[PDB]
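Trainee: Got a structure for you, questions after.
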Ligand SMILES: *[C@@H]1O[C@H](CO)[C@@H](O)[C@H](O)[C@H]1NC(C)=O
Ligand SMILES: *[C@@H]1O[C@H](CO)[C@@H](O)[C@H](O)[C@H]1NC(C)=O
Ligand SMILES: *[C@@H]1O[C@H](CO)[C@@H](O)[C@H](O)[C@H]1NC(C)=O
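Protein chains in written order, with this note's numbering: chain E, 9 to 368; chain C, 9 to 368; chain A, 185 to 545.
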């Protein structure tokens, strides 16, 4: 049992699915292991839809950080005081962004504008009430009942100022209802939206690339890691951030050194990652990742404010060289390892690359 | 059973009670049910006093947010470096405030200076040490010993520089101690205290009124609610604040919608409310309140900074009308409900009311 | 069980490492002792000791540390990945250098005991990031422990270092050349350059005792130091909001804490006889008194300290009871509170001319 590896064949839970797309939530982290109890308050939600579709109005009881891991998207957030907000999200093109935070209980709807590409979304959610994520759909479809349908009849009459039959016909009539929450929209309607919506760094080399961005407000960090077959992300550790990794495409070998099960005895937690798999990396635990195929991930780092990336090989951000460069440093290295301070520095300098190495 | 309902008849517990007043504490929220886990840190204290009384000095291990739900009170804070803070609180006259935060561990005493009216107080507590709330009384009365009496004879003689017998005669002697912590005081005493003390937005209509106040630093809000008999507070929800309702006087019928037991299936949680009953309205969960008689509530909303009030019926703060005014609002609403967008838009317009409605 | 706030050194510390040169101990979890101590689930104490002229090999831990020197001197160096370093000289008593420093989570660091005759005693508060356990990753390869480097695959180490595993093993891990442990002995001459640059980079008390506190506003934690003459008393008092953790550095003391019987209006006295390395917890707003039974010195940490206030129940300074007496109605109020009359109690409160610390022989 590698308690930090979440296989896709078990970890995700289908919430919705139809010919046009699907929604799944990842299982509680702390339920998998108590060693992951500081991740109790965080949950993952994944979404996928075919071209030209619309996700109907809803509001969830969690703070969402929506990331587009493929395609484009039109997001419109609706405010109770007659105000609206539009955002055009695209995973690549440097003109538009690929993430947007959505405040708890804010009604929003999503559109996949492209006629060819699918919208692939991954999001960090942070529930308000208790650790479970609750989505309140306003729609009445074949798949689900609208929440207004839960209140009592005269409460509905007295509110809307109409007779139930009128209110029902216009709102709830089984006839006329759409099938599910992911609906197929028409090309004409969305050109108008897209237009208005549209009006509104990296470290890598031959073998890989790494792009991170930190949201000081949420105290969260968002990465993008691309690696080509045979590449290697040399051993390293993130000082303060807890890192949640997700395979978007590809497969890779992961090696994590954690505590053996409060001692000075280690143990390795090796795993073989593939599409939709999620791997957790605790703050300060060393890790190395090698591309078994071309692979790209998206990661969320929690506790991101003032985090340092410490590398254990290569020319850039190497802490061992740094130790060797302290005032009486070489003497420290010679006592740390079996060689001499000179010998270790010699070895530490053989490698000419930084971050992403070739491992074959 | 409804996990959000706290029946006064069996949810409060008496700390102290005597011919002049009482103090009871509400049971733990997370104990009634795990759904209520993000409330494990808060508590509700209730206290009522007869006219012209004093609550003897004490300090508690919790932050208090005190609220006059009926009557008037003279609150005084005693700081160690020869300082006091005098506050005059009342429920109705717009000249004085109706609430006051009391920092943890601060010595304070209370007075009901009125010669005819009783004092009714409701307060939100945030214990510092663990889930329990601890009150340390300085007083020595027939109902309780002073905490000073838990110290050893030699610690006491040394501290005060007096033989244990002097100390006993002045501070603890049985003959002279009041009967309990609530005390009957004379009108002439509270005369000069009143002077000294006194020198130191609403939405509604004929059917009911709502008055809300947000304490930015505490990130908590207080709501006062009065609805005439037969009035309805139409279906609404709050984006992020989890709400705790308390009935001060009167009767009401409530319906809250939420998750049936992580899915899309809902459930209705209804309840018939009366005095001192408590009801938890989770953030983002739709709710409606129908007044069975003339009723007055007091509410505490926690995790309130930036919370929004989403209404589902009427002229003010209606989300549904706002979705209609979006770019292709009508088309979205069209796909959201059975009716066309023009139809549901016209429907939403029949109710001229806002917030409170006639439902006699 | 009996007294949930007392932690006997004998059965409360677990040894992480120990050898001829020094040792590292970790205190048992606060919550694991008593459910009453719930709000300290995420806090820990680590204790360390060193012989004169010793070095503690590099390591990074997954906890934010607040290091405090309880005796001796130390040179602390923090190593950053961007070719940057931070040097600190720490001492316990001479008012010229600091006695404490905070080490952020995941920062590589190493400590030296420059002194040729004195030991180095450190007490430290830890706030773990991952879960309640505190983990320490040692970079070193010694008879005692292997380096976390040794835990990756040979081929990954080869690709990483661009070296054949035989040379990688030679130069780094060969046991035919490693030290016996993580606390190692050094030469005064070796640290010649270091020490130089290191060295180049609130009290209320009387004849009976001295209190010295400081508050790291960023961390919302308070640091106290108490010294008391044998036979002295820190009269009854309480902290309004801070939860205080007390550690006996040297000496013996008698403590009396007044808490609840288990929400009643019934109190109960929790008492103990403290001595070297015992930890005693003092909850926010719970009354307490300490009688020094031998010359004694304490170091304590105060969590949830921003805005805290000290309330004494006896003495001429910070006396809350006299402060009630001087209120617009005070005397009337004090007369109903206690058995005697307001003038009578007010008379008694003034017999004690001392403040904070009092003679109790
Ligand atoms: C990332 O990797 C590719 C392939 O090695 C390289 O051409 C590219 O310049 C790198 N950086 C960016 C920003 O694409
Ligand atoms: C406020 O609410 C009460 C209760 O329904 C109502 O009777 C009263 O007319 C309202 N009036 C004003 C001025 O707010
Ligand atoms: C502090 O307390 C000590 C120890 O009890 C006392 O002897 C000393 O003189 C006090 N004052 C100063 C300045 O140290």
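Quick reminder that beta carbons are idealized off the backbone N, C-alpha and C, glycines included.
From 135/C, 95/C and 110/C, pick the residue whose C-alpha is nearest to that of residue 120/C; which is it?
Mentor: 95/C
Trainee: Show which residues of chain C have a CB atom less than 7 Å away from the CB atom of residue 523/A.
Mentor: 148, 178, 179, 180, 181, 184 and 185
Trainee: Considering only C-alpha positions, which residue in the set 97/C, 239/C, 196/C and 195/C is nearest to residue 205/C?
Mentor: With distances taken between Cα atoms, residue 205/C lies closest to 97/C.
Trainee: Quick one: measure Cβ to Cβ for residue 126/E and residue 58/E, integer angstroms, because I've assumed they're closer than 8 Å.
Mentor: 6 Å
Trainee: Taking 8 Å as the cut-off, is the C-beta of residue 217/C nearer than that to any heavy atom in ligand 2?
Mentor: yes
Trainee: Straight-line CA distance for residue 376/A to residue 155/C?
Mentor: Approximately 58 Å, taken between the alpha carbons.
Trainee: Between the region 364-374 of chain A and the region 321-329 of chain A, do at least 3 Cβ pairs fall closer than 8 Å?
Mentor: yes
Trainee: If the criterion is Cβ atoms closer than 9 Å, does the pair residue 287/C and residue 37/C meet it?
Mentor: no
Trainee: Using only the alpha-carbon positions, how far apart do residue 202/C and residue 28/C sit?
Mentor: 21 Å
Trainee: Using a cut-off of 8 Å between C-beta atoms, extract the partners of residue 158/E located in chain C.
Mentor: 263, 265, 274, 275, 276 and 294
Trainee: Using DSSP bridges, identify the partner residues of residue 98/E.
Mentor: 80/E.
Trainee: Closest to residue 453/A by C-alpha separation, out of 459/A, 460/A, 466/A and 287/A, would be which residue?
Mentor: Answer by Cα proximity: 466/A.
Trainee: What does residue 336/E touch in chain A if you count any residue whose Cβ is under 7 Å from its own?
Mentor: Counting only Cβ-Cβ distances below 7 Å, residue 336/E has contacts in chain A at 374, 375, 377 and 378, in chain order.
Trainee: Using only the alpha-carbon positions, how far apart do residue 311/C and residue 133/C sit?
Mentor: Inter-residue distance for residue 311/C and residue 133/C is about 14 Å (C-alpha atoms, whole angstroms).
Trainee: Can residue 213/E be considered in contact with ligand 1, in the sense that its beta carbon sits closer than 8 Å to one or more heavy atoms?
Mentor: yes
Trainee: Cβ of residue 112/E less than 9 Å from any chain C Cβ?
Mentor: Yes - at least one Cβ of chain C is within 9 Å of the one on residue 112/E.
Trainee: Can the beta-carbon of residue 88/E be found closer than 9 Å to that of residue 319/C?
Mentor: Taking C-beta atoms as the reference points, residue 88/E and residue 319/C count as a pair closer than 9 Å.
Trainee: Is the beta carbon of residue 299/C less than 9 Å from the beta carbon of residue 247/C?
Mentor: no
Trainee: Excluding five sequence neighbours on each side, which residues of the same chain lie with their C-beta closer than 6 Å to the C-beta of residue 262/A?
Mentor: Cβ within range, chain order: 270, 291 and 293.
Trainee: Alpha carbons only, please: which of 44/E, 242/E, 250/E and 20/E is nearest the one belonging to residue 336/A?
Mentor: 242/E
Trainee: Within its chain, find whatever has a CB closer than 6 Å to the CB of residue 356/E; leave out the 5 residues flanking it on each side and keep chain order.
Mentor: Answer for residue 356/E: 328 and 329, listed in chain order.
Trainee: In terms of alpha-carbon separation, which member of 490/A, 373/A and 289/A lies closest to residue 246/A?
Mentor: The residue with the shortest Cα to Cα distance from residue 246/A is 289/A.
Trainee: Using DSSP's beta-bridge definition, name the partner residues of residue 213/C.
Mentor: 216/C
Trainee: Looking at the structure shown, is residue 203/C part of a helix, part of a strand, or coil, going by DSSP?
Mentor: helix
Trainee: At the level of alpha carbons, what is the spacing between residue 63/C and residue 130/C?
Mentor: Using only the alpha carbons, I get a separation of about 15 Å.
Trainee: Give the single residue among 123/E, 79/E and 228/E whose Cα lies nearest to the Cα of residue 195/E.
Mentor: 123/E
Trainee: Using the rule of at least 16 other Cβ atoms within 10 Å of the residue's Cβ for burial, across every protein chain shown, is residue 411/A buried or exposed?
Mentor: That one is buried.
Trainee: Residue 351/E touches chain B at which residues, Cβ-Cβ below 7 Å?
Mentor: The structure shown contains no chain B; the protein chains it does contain are E, C and A.
Trainee: Below 8 Å CB to CB, which residues in the same chain sit around residue 172/C once its five sequence neighbours on both sides are set aside?
Mentor: Hits under 8 Å: 161, 164 and 165.
Trainee: Just mark residue 228/A as buried or exposed, buried being the case when its beta carbon has 16 or more other beta carbons within 10 Å.
Mentor: So residue 228/A ends up on the buried side.
Trainee: Where do the N-terminal and C-terminal ends of the alpha helix (DSSP H) with residue 47/E fall, by residue?
Mentor: No alpha helix (DSSP H) holds residue 47/E; DSSP gives it neither H nor E.
Trainee: Residue ranges of each alpha helix (DSSP H) run of no fewer than 4 residues wholly in the region 87-169 of chain C, ordered along the chain?
Mentor: 161-168
Trainee: For residue 106/C and residue 416/A, what's the separation of their Cα atoms in angstroms?
Mentor: Computed Cα separation, rounded: 47 Å.
Trainee: Three-state secondary structure (DSSP) at residue 193/E?
Mentor: coil
Trainee: Do you know whose CA, among 287/A, 347/A, 462/A and 484/A, lies nearest residue 366/E's CA?
Mentor: Comparing Cα positions, the closest option is 347/A.
Trainee: What three-state label does DSSP hand residue 361/E in the structure shown?
Mentor: coil
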